[PDB]
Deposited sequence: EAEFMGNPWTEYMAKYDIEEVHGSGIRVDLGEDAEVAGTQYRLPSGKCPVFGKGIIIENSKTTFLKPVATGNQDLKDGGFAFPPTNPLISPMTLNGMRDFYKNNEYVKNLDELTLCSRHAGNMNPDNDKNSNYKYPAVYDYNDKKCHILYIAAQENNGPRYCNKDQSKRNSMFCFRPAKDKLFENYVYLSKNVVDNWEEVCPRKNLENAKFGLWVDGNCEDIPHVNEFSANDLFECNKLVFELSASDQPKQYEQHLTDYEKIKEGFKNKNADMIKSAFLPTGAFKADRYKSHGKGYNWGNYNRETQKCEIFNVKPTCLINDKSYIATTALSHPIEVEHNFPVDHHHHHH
């Protein structure tokens, strides 16, 4: 009757219950609605940071943190970031943000990731004051910069079009120092969310005094940990609908959108949006470094198994960083 009692891993493993702690899509996060000028738009709402996530645009991995196009610029030239503002509030460094919120005792003492999320949640340049729409952000650890994203869309890569602006989310070496941040990133993510890969360990299920192996896994070959993390991210919880290209409007009207609402509704049509993951998906992977197998599964793990052949990763986890001790 009590097969699941007496688990020594309960508090340790709370951060790997991704459905509980994150609660939205990982690959594509569009878990909430928000009204802007009496019109619903989808936006990111996941509670954990996504380490290593960026958006590849038109086969380019150096583009999406560039500002969006405005007026005379072509749409394909720009990226997803906030355009220049007065005052210039994006990009902003960690020290810039600490100074900017220095009279808010809560916000000024936040960690870098939560501070970037809250900064992005405060700034609304279009000036819909009474509105719950809050932009997502990307923090760059290399130069300690918070970039607010004007475009909350994450995937537009279907077989019909892709004159159309095409893009997809991915883990990639050029995205290693990025962190994708929704408006809901919690201030205690260090305690309750995954970050580092667990060396000499694999995920299991606690059953009757024993940490048993995951009974059914989907085996994908992978040359290293990076490629295993990349595959887990591709299979992870996703809020993107099936048939979205039908509901996309004409691209001439979208281009006219980028002469300064039509930008924010460009690749997120109402007809497409049922499709919310709520964090459910193939979010975890046991990487055997000896057999070069990424063992991917969709049930929450409830313990770890010590094994020197393995590294335990999740779709939220950083693709490189490993926690050595165990």
Deposited residues absent from the coordinates (by C-alpha): 163 to 170, 269 to 271, 285 to 287, 341 to 349
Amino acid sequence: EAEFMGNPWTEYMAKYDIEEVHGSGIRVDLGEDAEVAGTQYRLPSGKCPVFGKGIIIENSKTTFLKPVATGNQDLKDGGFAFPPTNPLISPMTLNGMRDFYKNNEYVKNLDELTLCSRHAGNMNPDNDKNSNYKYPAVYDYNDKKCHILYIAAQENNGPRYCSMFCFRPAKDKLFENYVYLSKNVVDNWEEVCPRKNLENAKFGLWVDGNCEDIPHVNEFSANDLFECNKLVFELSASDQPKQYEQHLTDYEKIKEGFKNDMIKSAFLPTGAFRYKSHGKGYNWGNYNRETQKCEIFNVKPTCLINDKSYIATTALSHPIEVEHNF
From here on, numbers count along this sequence of modelled residues.
Of 69 to 77 and 237 to 245, the stretch whose C-alpha atoms average the higher B-factor in the entry: 69 to 77
Between the two ranges 117 to 125 and 186 to 194, the one averaging a larger CA B factor in the entry: 117 to 125
Candidate residues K280, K300, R27, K264, the one whose C-alpha B factor the record puts highest: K264
Which of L94, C211, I148, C162 ranks first by CA B-factor in the deposited coordinates: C162
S90, C-alpha B-factor rank within chain (lowest, middle or highest third): middle
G31 - Cα temperature factor, lowest/middle/highest third of chain: middle
Lowest, middle or highest third - CA B-factor, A37: highest
Cα B factor band for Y133 (lowest, middle or highest third within the chain): highest
Among modelled residues of the same chain, the CA temperature factor third for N157: highest
